[PDB]
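Encoded as structure tokens, the structure appears first; notes follow it.
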Amino acid sequence: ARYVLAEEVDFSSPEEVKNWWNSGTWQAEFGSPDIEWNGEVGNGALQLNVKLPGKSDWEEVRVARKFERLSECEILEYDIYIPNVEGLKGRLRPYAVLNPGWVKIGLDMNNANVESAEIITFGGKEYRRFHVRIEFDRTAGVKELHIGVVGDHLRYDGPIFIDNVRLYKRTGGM
Ligand SMILES: OC[C@H]1O[C@H](OC[C@H]2O[C@@H](O[C@H]3[C@H](O)[C@H](O)[C@H](O[C@H]4[C@H](O)[C@H](O)[C@H](O[C@H]5[C@H](O)[C@H](O)[C@H](O)O[C@@H]5CO)O[C@@H]4CO)O[C@@H]3CO[C@H]3O[C@H](CO)[C@H](O)[C@H](O)[C@H]3O)[C@@H](O)[C@@H](O)[C@@H]2O[C@@H]2O[C@H](CO)[C@@H](O)[C@H](O)[C@@H]2O)[C@H](O)[C@@H](O)[C@H]1O
Ligand SMILES: [Ca+2]
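This is how it looks when you write it as structure tokens:
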């Protein structure tokens, strides 16, 4: 199977951010503002201001966007950036959901320990970098993608950034 990029969001300006919403939390909170554009990170990125208590293994904040072709797609990728503050501990368990249907995709497929992470630099500041790649079946009726940013005993009050959201569909008529 060969795939082509069907949709991509790189967060070029605040105008893209209006397409994203806060779809809720579980054992975690957003700060205020909850979601905003950031023009330094990723040359434009989605900034989630989070408060993860670090007490349990599933501390989730979620953001969502409508994607017209979602029902045609089978691969999602995106990046997560967290400032490289020293001494952070815990694991990320990021995933996604297709809706309607609350179809959970990628559960525990992209888990990462923050104490051994790749780094990327933006404006001379370092960020831990986590890539998320999720394969799923074409799912009838889905119109919304929810990205779930999940901490597991990751005590953190600060910004987490999403960038480079990519959706792929099969090509060649197959
Ligand atoms: O309403 C339909 C739907 O409702 C519930 O699902 C939706 C809610 O999901 C919550 O998040 C879930 C995750 O989706 C996922 O299921 C996760 O599972 C992990 C589990 O907690 C644990 O950490 C586990 O440890 C494993 C591990 O992962 C490995 O596999 C390892 O090898 O082994 C270890 C140990 O075995 O891993 C699991 C992942 O692989 O759990 C979380 C938290 O779920 C708790 O809370 C739920 C709340 O509804 C429910 O009570 C669940 O039973 C319980 O465990 C959240 O995202 C929550 O927000 C979702 O609710 C939706 O929210 C939106 C906004 O309000 C609404 O629109 C929806 O109506 C709904 O409320 C349920 O799980 C489903 O079965 C289904 O019934
Ligand atoms: Ca970007």
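One rule links them: number in the entry's author numbering = place in the sequence shown (from 1) + 2.
No residue lacks a Cβ here, since even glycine has one placed at the ideal position from N, Cα and C.
| Query | Result |
| --- | --- |
| With DSSP as the reference, please indicate the residues paired to residue 163 in a beta bridge. | 49, 83 |
| Residues near ligand 2, CB to any non-hydrogen atom under 6 Å, in chain order? | 12, 13, 44, 45, 46, 47, 165 |
| In chain order, what residues of the same chain lie with their CB nearer than 7 Å to the CB of residue 150, ignoring the 5 residues before and after it? | 62, 64, 96, 97, 98, 99 |
| Quick one, which of 141, 148, 130, 48 has its alpha-carbon nearest residue 27's? | 148 |
| I need the DSSP call for residue 90, collapsed to helix, strand or coil. | coil |
| Let's see if you can read the secondary structure: which residues bound the alpha helix (DSSP H) around residue 18? | 16-19 |
| In the DSSP assignment, the beta strand (DSSP E) including residue 192 goes from what residue to what residue? | Shown here, the chain extends from 3 to 176; a query on residue 192 therefore has no answer. |
| Do residue 170 and residue 5 have their CB atoms nearer than 8 Å? | yes |
| Considering only heavy atoms of ligand 1, does any lie closer than 7 Å to the CB of residue 109? | yes |
| With distance defined between alpha-carbon atoms, name the residue in 66, 116, 76, 80 nearest to residue 44. | 80 |
| Compute the Euclidean distance between the alpha carbons of residue 74 and residue 18, then round it to the nearest angstrom. | 22 Å |
| Report yes if the C-beta distance between residue 135 and residue 116 is below 8 Å; otherwise report no. | no |
| Any heavy atom of ligand 1 closer than 7 Å to the beta-carbon of residue 62? | yes |
| For residue 119, collect the residues of the same chain with a Cβ closer than 6 Å to its Cβ; drop the 5 residues on either side in sequence, then sort them by chain order. | 130 |
| Could you give the distance in angstroms between the alpha-carbon of residue 125 and the alpha-carbon of residue 68? | 31 Å |
| Within 7 Å: the Cβ of residue 106 and any heavy atom of ligand 1? | yes |
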